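Novice: Take this structure, written in structure tokens, and hold onto it; I'll ask about it next.
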Amino acid sequence: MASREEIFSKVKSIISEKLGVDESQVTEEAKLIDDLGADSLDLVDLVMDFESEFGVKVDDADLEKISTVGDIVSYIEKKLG
């Protein structure tokens, strides 16, 4: 079943494994590009990984609305319903 823990944990799994960074750098208010150093290319791959992982499609506009991990987490929780 859907759960916030599932979102955050899975989200960290993609970002952490591809960047080699611990969730300490990951924050609901931390920016993936500034706080972690993941540029637009990095961001596309990370969100994409969630796109297939959660079996959901994302809006290019949603990407613009998503900057921090908080947005990533909140996005999946609401997008799935």
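Letters A, B, ... go to the chains of the structure tokens in the order shown; residues in each chain start at 1; ligands are counted from 1 in the same order.
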Would you kindly return, as an MDAnalysis selection string, each protein, DNA or RNA residue with an atom no farther than 9 Å from any atom of residue A:50, considering only C-alpha atoms and excluding same-chain residues fewer than 3 positions away?
Specialist: chainID A and resid 10:11 14 45:47 53:57 76
Novice: Fewer than 6 positions away in the same chain doesn't count, so skip those; otherwise give me all residues within 7 Å of stretch 68-71 of chain A, counting only C-alpha atoms, as a PDB file with N, CA, C and O atoms, in the first residue's frame.
Specialist:
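As a result, out12.pdb now contains:
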ATOM      1  N   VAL A  26      19.719  14.788   1.642  1.00  0.00           N
ATOM      2  CA  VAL A  26      18.337  14.771   1.176  1.00  0.00           C
ATOM      3  C   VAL A  26      17.422  15.406   2.230  1.00  0.00           C
ATOM      4  O   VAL A  26      17.380  14.955   3.377  1.00  0.00           O
ATOM      5  N   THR A  27      16.676  16.437   1.817  1.00  0.00           N
ATOM      6  CA  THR A  27      15.738  17.114   2.719  1.00  0.00           C
ATOM      7  C   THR A  27      14.525  17.576   1.945  1.00  0.00           C
ATOM      8  O   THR A  27      14.629  17.903   0.761  1.00  0.00           O
ATOM      9  N   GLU A  28      13.395  17.653   2.633  1.00  0.00           N
ATOM     10  CA  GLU A  28      12.168  18.126   2.011  1.00  0.00           C
ATOM     11  C   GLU A  28      12.364  19.555   1.493  1.00  0.00           C
ATOM     12  O   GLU A  28      11.694  19.971   0.544  1.00  0.00           O
ATOM     13  N   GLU A  29      13.285  20.299   2.129  1.00  0.00           N
ATOM     14  CA  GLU A  29      13.560  21.686   1.737  1.00  0.00           C
ATOM     15  C   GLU A  29      14.876  21.829   0.957  1.00  0.00           C
ATOM     16  O   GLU A  29      15.189  22.923   0.479  1.00  0.00           O
ATOM     17  N   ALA A  30      15.634  20.735   0.829  1.00  0.00           N
ATOM     18  CA  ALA A  30      16.899  20.770   0.103  1.00  0.00           C
ATOM     19  C   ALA A  30      16.645  20.608  -1.384  1.00  0.00           C
ATOM     20  O   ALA A  30      15.799  19.804  -1.786  1.00  0.00           O
ATOM     21  N   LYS A  31      17.388  21.361  -2.193  1.00  0.00           N
ATOM     22  CA  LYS A  31      17.242  21.277  -3.639  1.00  0.00           C
ATOM     23  C   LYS A  31      18.161  20.206  -4.187  1.00  0.00           C
ATOM     24  O   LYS A  31      19.335  20.139  -3.829  1.00  0.00           O
ATOM     25  N   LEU A  32      17.617  19.367  -5.054  1.00  0.00           N
ATOM     26  CA  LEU A  32      18.390  18.286  -5.653  1.00  0.00           C
ATOM     27  C   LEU A  32      19.575  18.824  -6.457  1.00  0.00           C
ATOM     28  O   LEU A  32      20.643  18.207  -6.475  1.00  0.00           O
TER      29      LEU A  32
END
Novice: Find the distance between atom CA of residue A:52 and atom CA of residue A:72 and write it in Å to one decimal.
Specialist: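 The value is 14.2 Å.
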Novice: To one decimal in Å, tell me the separation between atom CA of residue A:64 and atom CA of residue A:23.
Specialist: 22.4 Å
Novice: Would you mind listing what lies within 10 Å of residue A:63 as JSON, numbers by chain, with only C-alpha atoms counted and same-chain residues fewer than 3 positions away left out?
Specialist: {"A": [40, 43, 44, 47, 58, 59, 60, 66, 67, 71, 72, 75]}
Novice: Print the selection's residues with C-alpha atoms to a file, as a compact mmCIF listing (two decimals), in the first residue's frame.
Specialist:
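Saved the output as result07.txt:
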# COMPACT_ATOMS: atom_id res chain seq x y z
CA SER A 40 18.84 19.22 -15.06
CA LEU A 43 17.12 15.60 -12.35
CA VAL A 44 15.51 14.12 -15.47
CA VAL A 47 12.49 11.77 -11.70
CA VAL A 58 5.20 13.27 -15.05
CA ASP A 59 4.42 16.66 -16.54
CA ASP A 60 7.32 18.79 -17.79
CA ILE A 66 9.49 20.23 -8.32
CA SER A 67 12.83 21.59 -7.02
CA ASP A 71 8.30 18.29 -3.90
CA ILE A 72 9.46 14.87 -5.17
CA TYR A 75 4.39 14.75 -5.89
Novice: Calculate how many Å separate atom CA of residue A:80 from atom CA of residue A:6, rounding to one decimal.
Specialist: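 Computing it gives 12.3 Å between the two atoms.
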Novice: So which one's closest to residue A:19, A:42, A:5, A:62, A:49? Using only C-alpha atoms, please.
Specialist: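 Looking at the shortest contact to residue A:19, the residue is A:42.
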